[PDB]
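K.L.:
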Amino acid sequence: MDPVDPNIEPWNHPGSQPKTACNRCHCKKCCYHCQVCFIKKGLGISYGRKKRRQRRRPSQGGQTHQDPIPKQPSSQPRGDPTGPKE
Numbered sequence: 001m002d003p004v005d006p007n008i009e010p011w012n013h014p015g016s017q018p019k020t021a022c023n024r025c026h027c028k029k030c031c032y033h034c035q036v037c038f039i040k041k042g043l044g045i046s047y048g049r050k051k052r053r054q055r056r057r058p059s060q061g062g063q064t065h066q067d068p069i070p071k072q073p074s075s076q077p078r079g080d081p082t083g084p085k086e
């Protein structure tokens, strides 16, 4: 996507601590962005809205969970499985 990059807190953030986990989930059926802590309605893509762009195909695993990174160089090196992948 590229935009919504002043986000990565409810979707990822550079979290580093000994244990201390607080994840949110209920039913596991096609988990395309089922966790997070912001607009989890999917609407535009899966946030407050969406620009005039559509990047959805058989390739991503968590609804571009790590797309709010600094522009489109790769991703955030904390936990998400993208970067050289998107």
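Here the entry's author numbering is used: the first residue of the sequence shown is 1, the next is one more, and so on.
Built from N, CA and C at the ideal position, the CB exists for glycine as well.
Take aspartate 67 and list the residues in its own chain whose beta-carbon comes closer than 6 Å to its own, dropping the five residues that flank it on each side.
P.N.:
The residues are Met1.
K.L.:
Determine, using beta carbons only, whether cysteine 37 and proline 10 come nearer to each other than 8 Å.
P.N.:
Cβ atoms of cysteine 37 and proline 10: closer than 8 Å.
K.L.:
Taking the straight line between their C-alpha atoms, what separation do you get for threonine 82 and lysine 51?
P.N.:
Roughly 21 Å between the two C-alpha positions.
K.L.:
Quick check: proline 18 and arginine 78, are their CB atoms within less than 8 Å of each other?
P.N.:
No, these two residues do not count as a Cβ contact at 8 Å.
K.L.:
Just to confirm my understanding: we take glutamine 72, look at its own chain, exclude 5 residues before and 5 after, and list those with CB closer than 6 Å. What are they?
P.N.:
Correct list, in chain order: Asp2.
K.L.:
Please determine, among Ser74, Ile39, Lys85, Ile69, the residue with the shortest C-alpha to C-alpha distance to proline 58.
P.N.:
Per the Cα distances, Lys85.
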